[PDB]
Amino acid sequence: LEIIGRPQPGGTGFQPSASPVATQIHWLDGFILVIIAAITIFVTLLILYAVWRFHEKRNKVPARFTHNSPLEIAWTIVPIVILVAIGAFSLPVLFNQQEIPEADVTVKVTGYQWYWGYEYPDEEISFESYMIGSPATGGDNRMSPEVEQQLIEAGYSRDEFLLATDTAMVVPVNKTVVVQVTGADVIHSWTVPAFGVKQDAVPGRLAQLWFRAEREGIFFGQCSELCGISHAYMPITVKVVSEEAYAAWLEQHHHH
């Protein structure tokens, strides 16, 4: 499996998209980024031009105007218009994001201090996922010769330290996955940047999110609500595989 959902050295953009929802986020953000960059460059150029054009040595007698009705109407209406344009494109994305489709695969995720529990209710599969290098694998949340060898043995490299877990959430590609998220003790937050999903794991509440992965590979997330001492050390690994490889994984868990 190719490692796809991960930060890259010196990166300035989003993590790669692997879902239709992530693609929409990339488009919506890029659209807004052009707007706010235009606005910001415009504001900045106006200030710099004004400083150059009206520096005291170049314009020795200041004007005294304090109004300009056409300009003030324009600079109230155009922002409103720009915001309505953004909202017009952004509310549809929001609805697509938050309306839960019918599940092909259902996983129930529980955040604990400091690890994640996974349950596939249709499959009677449950397991816990710890960071490779956590105390659960014999570490203490730092790189070491043993941790790098564990990363290598699990199919990763030292560069995936703090991202890779001992077990992965495995799902089939091109299927609708509905994830139910709750917290066992304090609030955690379950997320995968490549899928464009994030949902707080709140004790006492079961929240839902959905994704459909559009390509196979490995995708990482990290706990995204400060939960205590090992908040930085309870990540998320999702492996998106063929329908057949998914079934093979299910069968490996079937007790005879």
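Heads up: residue numbers just count along the shown sequence, starting at 1.
Student: Tell me which stretch has the larger mean Cα B-factor in this entry, 103-111 or 70-78.
Tutor: Result: 70-78.
Student: Could you settle it for me: does 217-225 or 54-62 have the higher average Cα B factor in the PDB entry?
Tutor: Higher of the two, by average CA B-factor, is 54-62.
Student: Kindly indicate the residue among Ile132, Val179, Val186, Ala88 with the greatest C-alpha B-factor in the PDB record.
Tutor: Most elevated C-alpha B-factor of the set, per the entry: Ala88.
Student: Sorting the chain's CA B-factors, does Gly11 end up in the lowest, middle or highest third?
Tutor: Lowest third of the chain for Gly11's C-alpha B-factor.
Student: So where's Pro145 on the chain's Cα temperature factor ranking, which third?
Tutor: As the PDB entry reports it, the C-alpha B-factor of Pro145 lands in the highest third of its chain.
Student: Compare the C-alpha B factor of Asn96 with those of the other modelled residues in its chain, then answer lowest, middle or highest third.
Tutor: Its C-alpha B-factor belongs to the highest third of this chain's values.
Student: Using only modelled residues of the chain, where does the Cα B factor of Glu123 rank: lowest third, middle third or highest third?
Tutor: According to the entry, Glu123 has a C-alpha B-factor in the chain's middle third.
Student: Using the B-factor values recorded in the entry, state whether the Cα atom of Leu45 falls in the lowest, middle or highest third among the modelled residues of its chain.
Tutor: Within its chain, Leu45 is a highest-third residue by C-alpha B-factor, going by the deposited values.
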